[PDB]
There are 4 protein chains.
Amino acid sequence: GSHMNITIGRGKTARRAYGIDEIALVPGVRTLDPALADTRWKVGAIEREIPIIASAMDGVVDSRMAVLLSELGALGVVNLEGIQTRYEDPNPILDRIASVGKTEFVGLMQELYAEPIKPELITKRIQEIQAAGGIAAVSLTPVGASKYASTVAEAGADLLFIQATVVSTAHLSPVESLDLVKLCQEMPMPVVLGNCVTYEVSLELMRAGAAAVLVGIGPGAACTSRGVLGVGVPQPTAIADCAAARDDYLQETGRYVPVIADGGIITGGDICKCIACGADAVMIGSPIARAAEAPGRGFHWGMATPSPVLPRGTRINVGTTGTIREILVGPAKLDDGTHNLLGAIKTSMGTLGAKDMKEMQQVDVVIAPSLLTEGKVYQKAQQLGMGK
Amino acid sequence: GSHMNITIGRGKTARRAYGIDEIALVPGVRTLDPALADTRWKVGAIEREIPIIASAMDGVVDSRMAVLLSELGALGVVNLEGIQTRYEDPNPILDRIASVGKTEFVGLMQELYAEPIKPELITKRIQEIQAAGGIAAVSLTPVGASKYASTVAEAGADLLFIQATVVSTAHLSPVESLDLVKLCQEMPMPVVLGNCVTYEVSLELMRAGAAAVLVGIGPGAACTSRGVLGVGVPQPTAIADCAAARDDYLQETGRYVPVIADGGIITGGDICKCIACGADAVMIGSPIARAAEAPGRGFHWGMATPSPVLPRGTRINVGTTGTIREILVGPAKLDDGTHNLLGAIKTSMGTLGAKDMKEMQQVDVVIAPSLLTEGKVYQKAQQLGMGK
Amino acid sequence: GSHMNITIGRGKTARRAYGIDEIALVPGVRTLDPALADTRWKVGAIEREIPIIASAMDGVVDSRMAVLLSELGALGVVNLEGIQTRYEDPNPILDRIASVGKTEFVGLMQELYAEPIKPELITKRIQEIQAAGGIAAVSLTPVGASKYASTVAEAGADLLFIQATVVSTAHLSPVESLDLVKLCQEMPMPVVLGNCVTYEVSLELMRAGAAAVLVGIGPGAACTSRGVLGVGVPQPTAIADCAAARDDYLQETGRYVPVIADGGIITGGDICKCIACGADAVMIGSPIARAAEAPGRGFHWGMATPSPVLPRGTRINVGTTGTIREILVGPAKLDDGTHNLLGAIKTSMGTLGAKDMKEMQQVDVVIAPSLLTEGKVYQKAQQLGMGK
Amino acid sequence: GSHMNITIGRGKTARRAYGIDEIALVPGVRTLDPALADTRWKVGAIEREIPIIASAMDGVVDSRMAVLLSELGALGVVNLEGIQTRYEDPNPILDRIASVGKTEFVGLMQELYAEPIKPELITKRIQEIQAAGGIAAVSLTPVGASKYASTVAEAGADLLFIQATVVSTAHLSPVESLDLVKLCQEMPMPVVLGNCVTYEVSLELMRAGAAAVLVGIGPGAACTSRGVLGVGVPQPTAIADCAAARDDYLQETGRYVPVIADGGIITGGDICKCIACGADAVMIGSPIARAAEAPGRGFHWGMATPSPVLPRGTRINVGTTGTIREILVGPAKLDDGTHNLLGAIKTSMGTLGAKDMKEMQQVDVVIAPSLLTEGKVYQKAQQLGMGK
Ligand SMILES: O=c1[nH]c(=O)c2[nH+]cn([C@@H]3O[C@H](COP(=O)(O)O)[C@@H](O)[C@H]3O)c2[nH]1
Ligand SMILES: O=c1[nH]c(=O)c2[nH+]cn([C@@H]3O[C@H](COP(=O)(O)O)[C@@H](O)[C@H]3O)c2[nH]1
Ligand SMILES: O=c1[nH]c(=O)c2[nH+]cn([C@@H]3O[C@H](COP(=O)(O)O)[C@@H](O)[C@H]3O)c2[nH]1
Ligand SMILES: O=c1[nH]c(=O)c2[nH+]cn([C@@H]3O[C@H](COP(=O)(O)O)[C@@H](O)[C@H]3O)c2[nH]1
């Protein structure tokens, strides 16, 4: 049920939800120098200068990437159910994924990801990241946590991400469902929970003890769950609803639970739109898969692509456009806002007069589908700038 | 008339109708394991585990396909006014339809479908399906029913579908119009009636004795009636209006008349959206014409294409992507949700917390045109996943 | 001003107008056999079985086409300011226009159309059409009428069309403006006036003595006025507003002034949508330029293309798909509703239960942008049916 | 905050903003001869017959273009932070920009635009334009004005444009922010200020002493700021809001500050739409870069493309379609409304009955996305007229 009830037909209503591509940000009463724009966020006791997290996807984050992201002031999450924990040396496996043709990568991944997880590799990945001075953030599905959460705790990871395509505090197992309250209470580190798109679920995740909530179902560049299942709420609406839960939970308890907008982001402008709708940080995959150091070798695939029965992701060719440093902090060599993402955030905040991220969440927004079309006929035809 | 009156101009109003591509499904309060999702539906006394019916189209269903579908838990309808009853061996005819060029198939079909129906073949198709252990479901137009309904009864078909592009209980013949009340009373088997898109007509079809109602005018992949006639209501709105008639008819009489969303479905997500708007089952053609066993040999054409005066269908090349087994129950080798349709339904129901089809009809819906665009720039450009 | 005031910005409002491609027709309470559908309309004392008028465009109507259309039960208008009155032999000129390349036709037409009008040819075209048994309908611009209206009267044309891109009863000349009241009173034949898109103007044209009003600014397939000037109201809204003026004028005076929806029509479905919004007949150009007998030799150009200072039309390649008989009354060999237009109207009226054109004007309409997209992915990709 | 609050999600609202491509103009009560349409505007004491200003962009305006535009009754602005002030002979530089490939121009421009500004060239450009009989209009960014405003005054420029992507009267420097009140008071010539898109900012710019306000953030054909930053309000809404500020400032003080719609204009129709929403004149770049005399050699690039850290523009290929005379006053050789822009304005005003620009600002507007799609299937497919 909802307080908004557009009529689909007799006895069936809906509410309008707006996508990243439908909104735009409006200047306020003042501008400010981009150098003054404060972009920090915080999860648990970990402060970060860059409000960006690399998705737990095998084309995006390996141990080296996690360290490079940590040194730049950002974060990267290693997926503990991917190739990194199933193979001692993932590089030959990543080589095969990148070289196979378009009609074959699904069947290949279904085979390669069938190799059983080695619990010892969970520990090693955590420890080799930390030994190199990086923040060790790792992800598990709810089922994975029931099996490997204690391994993560004993290894001493800095952050645990429990991430399912759609998560709730209430799950009807066929089997004991994962008790998220117990998990957050028992794990020695902060626990991030996702994904959701509704006020109701995000609030319950916060009440369960979440250190942050991941918002987004299916917006990702390599994700097909929306086509396979028909499930999803566009990001601006999802982010705003979950930010409202954050603010109500803060009022109730005094505890601040950051909201992370997860997926569907290509440009710095996409990031800024997500912050304006309430996000404290963003989780992105495809923009970082384009880094020279990315394990995907120019490819980027969803972690549900290898499902043996029902793939819900695909493998796309994103290419390689620069170093992870250039992508995050520049200098930008490109015209499309996919490099120097931090500089884009600070520049946008400057034009809008937002001194820090909380002020950025307060900027006025317009519904403006023409933002991406007005005057862009040449760019679209010639695949330049906003038309690439 | 309608209770909603958007203004087109002075003295002309309209109501907004929403298409499959305009909506999305929102998670509820709980998730559940897909293995617990009950996907059954029932028409007459026939229960089916898969809520899918193959359209009565010559590229989709022949006798073998009808048996294969029944064995898997679904249904297939043989069109008794197509080539199956006009030719003892349809295979050479299907060969010609598939081999001729784009500028020639209309004229060819106008000729081939002029071969008179052989009443003995009506009996033969029904009985050869049943002798092989399949459920024999057959379709006729209203005019066809006035001539051949008794032949279908004498042959002992399990289900009769009366299907016109647009049907009503009230028809002004130039001829005696088909009395649908008498037909349903006199036929010894359940009679499905369609097609319609309004509460008013669907309710009258139920009062006439329909075992089910087919909803949809022109959404089909090989249909051109919307361009030829300008008639149609997008599916979510039509389904909801007709589901409302079902619920009112149930309150009035205690009899449940399932609503079948007919046409325009490509992916598992499209199916789930139709159920969420009130459908008890779906009738699909093009997704099954892509089966290796489909008689269309990779082509799919509307059964109004052969009209000698005004074709209202076309012949499209849908290709061959897998076996009918793979398409309906998997395992899925593809990234786009066109295989393992049953698995997609159960997985979607799982993410939404819908234990059975009735609960699925209650899931919250958003108007979200961005569901199909957010983040999908690569998929569209490379024709992968949702961009194919 | 208007009673609908959507906000563009502070102090600037607007009203929503809907295009042909945004609406669809909804079945009513009954269906009827297409053979019973009465499609007649009437202008002056001239009854026509086919409610279609061929546009006064040099690629569409010459003397032969005007006769062929009259014989089939329709009408064709000869433009008295085009090639037909500037050259004794238009065929070599039409050959050149159709034979020159895309980058050259503007300059060529600017040259060719500078040849002065020969008033004697006005008489000749009218008289040769009538001598062949055809209805002689001719068009002039308002300025043209001030110079040649008496020639048309002396020649004895059956119908006079006064047509400007945008006409009003009130025009500020630099020159004596055309007195439309006097024109209609003095002309011995019915005078059709256009074009307009508003209730206010159409009502004044009616009060001035119009036998019919032409509705439409810029929807045409070979028209660019909307891009050059930014002026226009989409057809459904324009038709409905002008139909309301017709109904009010009828109440005031008892005189019925038919509303003609002019331009932007490709298929029979487009015609039916225009009738449903209030049109008594349609004026179409591009569908008839596709006739084997069309003077355009497969090309179709706007009559403002030859402007020596500011072209407001272009030349498109529409091809040649059949005889004018096939296009209007079939039998249709095509799958896209561009042939057997009369059969399409009658079939559509049948599905909607409309016994005559007045009933067709009462059919329910939905705002349904998805009408043209639902399920049409294959047709669009393969350029078949609705995707051509 | 705003008086319109569409809901994005709980606790986040927005207002609908409409783009140029979403609106259309409606005829009024009368038409008038285009020769009677008064298109004049005025800034300071400078009256101009053509309400068009060439953008301060290096592909659009050099000294020759500025003179040619002035002679025709328009204006051209020289960007004093581009190559015209960094190189004594810009031609070899313009040659290089036009010769490099798509993947190379960003890096090249970052290098070429790093050449320091030569203050003596500021004087030279201004005075050589005036010596040739042209009106010398020049642009600076706010930071540039703090350094070179006195140089412009000493040189005796006719108009000074202070232009930033987003400007406000309130700017938080890291440094003394530019005092716009002092600037306008101390400069001996009129000072135009921009850019903005809100009533609040434009009103303050007027109160600071602006001779005109530039409206627009990111609509330009060679701009990517909307993608890089996510900031922008579509032009019709921005123009109307800022025109409302003009009218209130006029009521307050009796001083008229013209509103200039800046960017995103391709055709005469786009111009007319902007005037109808309140603009007193338009600033355009890409349509004038297509002139034979344009310094871009057929290319057109944003002046933020050369940013060494975060480019916010791109280089597009606009080609060369005619002389600047043909583009502005015709005769038009093209079918798409990109030539004879003045004739298009007067013709549009004629169809609408607008005797002067103030009446044009009062024309009725419809929200009509179908203006650019209705009937245009051929034009789009064949890239003719409105489909190029
Ligand atoms: O439906 C899905 N199937 C998948 O296979 C999949 N893999 C990743 N994700 C989610 O997408 C996010 C990455 O989005 P981008 O690539 O656009 O950053 C990630 O951060 C996840 O939230 C998936 N969603
Ligand atoms: O207007 C029409 N003209 C035709 O020739 C035609 N043939 C099939 N159908 C209908 O389309 C449904 C199949 O749609 P899909 O191929 O999208 O499943 C089918 O189940 C039918 O409802 C037609 N509709
Ligand atoms: O703006 C315009 N510039 C032109 O050059 C032009 N030529 C024809 N017309 C109008 O278009 C109608 C024909 O439209 P179709 O080809 O789509 O039928 C015709 O019936 C006219 O109303 C023009 N409109
Ligand atoms: O965001 C931006 N980055 C740039 O690099 C840039 N360069 C020009 N402009 C603005 O665009 C206007 C020209 O627009 P058109 O080429 O569409 O006329 C100009 O008049 C400016 O207002 C820019 N905006």
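Letters go in sequence order (proteins before strands), and every chain restarts at 1. Read the numbers this way: they start at 1 and go in the same order the structure lists the ligands and their atoms. All heavy atoms count here, side chains included; hydrogens, waters and symmetry mates do not.
Taking every non-hydrogen atom of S225(A) and a distance limit under 4.0 Å, the qualifying atoms of ligand 1 come out as 1 (O), 2 (C), 3 (N). Per-residue contacts place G302(B) under 4.0 angstrom from the following atoms of ligand 2 (heavy atoms of the residue considered): 4 (C), 5 (O), 6 (C), 7 (N). Each of the following atoms of ligand 2 lies closer than 4.0 Å to a heavy atom of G220(B): 14 (O), 15 (P), 17 (O). Listed by number with element, the atoms of ligand 4 under 4.0 angstrom from any heavy atom of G263(D) are 14 (O), 17 (O), 18 (O). When each atom of ligand 2 is checked for a heavy atom of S286(B) under 4.0 Å away, the hits are 15 (P), 16 (O), 18 (O). The ligand atoms of ligand 2 that sit less than 4.0 angstrom from a heavy atom of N195(B) are 22 (O). Counting atoms of ligand 1 from 1 in the listed order, those under 4.0 Å from a heavy atom of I284(A) are 18 (O). The contact set between ligand 1 and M57(A), taken as ligand atoms under 4.0 Å from a residue heavy atom, comprises 7 (N), 8 (C), 13 (C), 19 (C). Near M283(D), the atoms of ligand 4 lying under 4.0 angstrom from a non-hydrogen atom of the residue are 20 (O). Against a heavy-atom cut-off of under 4.0 Å, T305(B) is close to the following atoms of ligand 2: 5 (O). For ligand 2, the atoms lying closer than 4.0 Å to a non-hydrogen atom of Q163(B) are 22 (O).
Side chains of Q163(B) and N79(B): no donor on one and acceptor on the other come within 3.5 Å. Defined by atom type and a distance below 3.5 Å, a donor-acceptor pair is missing between the side-chain atoms of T224(D) and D335(A). Side chains of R312(D) and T165(D): a donor on one and an acceptor on the other come within 3.5 Å. Side-chain polar atoms of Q379(A) and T314(D) form no donor-acceptor pair below 3.5 angstrom. Side-chain contact check for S307(D) and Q110(D): no donor-acceptor pair (N or O, by modelled atom type) lies under 3.5 Å.
When the options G313(B), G218(B), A164(B), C223(B) are ranked by their closest heavy atom to atom 6 (C) of ligand 2, first place goes to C223(B).
Ranking protein heavy atoms by distance to atom 12 (C) of ligand 4, first place goes to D262(D) OD1, 3.4 Å. Annotation: atom 13 (C) of ligand 2 to nearest protein heavy atom, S55(B) OG, 3.5 Å. Counting only heavy atoms of the protein, atom 3 (N) of ligand 4 lies nearest to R312(D) O, 3.1 Å. Closest protein heavy atom to atom 18 (O) of ligand 2: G285(B) N, 2.7 Å.
In terms of polar-atom proximity, defined here as any N/O pair under 3.5 Å, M303(A) does make such a contact with ligand 1. For a threshold of 3.5 Å applied to N or O pairs, the pair formed by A304(A) and ligand 1 contains at least one separation below that value. Taking only nitrogen or oxygen atoms, main chain and side chain alike, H300(B) reaches within less than 3.5 Å of ligand 2. Backbone and side-chain nitrogen or oxygen atoms of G264(D) are examined, and one is located within less than 3.5 angstrom of a nitrogen or oxygen of ligand 4. The shortest N/O to N/O separation between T165(D) and ligand 4 does not fall below 3.5 Å. Inclusion of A222(D) in the set of residues having an N or O under 3.5 Å from an N or O of ligand 4 is not warranted. Checked by distance only, ligand 4 and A221(D) come closer than 3.5 Å through their nitrogen or oxygen atoms.
Using a 4.5 Å heavy-atom threshold, the side chains of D262(A) and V282(A) count as separate. The closest side-chain heavy-atom distance from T305(D) to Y113(D) is not below 4.5 Å. Side-chain contact between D336(B) and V228(A) is absent, with no heavy atoms from C-beta onward closer than 4.5 Å. When side chains are defined from C-beta on, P219(B) does not count as touching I20(B), because their heavy atoms never get closer than 4.5 Å.
Neither the backbone nor the side chain of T224(B) has any atom closer than 4.0 Å to an atom of ligand 2 (non-hydrogen atoms only). Of the heavy atoms in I266(A), none comes closer than 4.0 Å to ligand 1.
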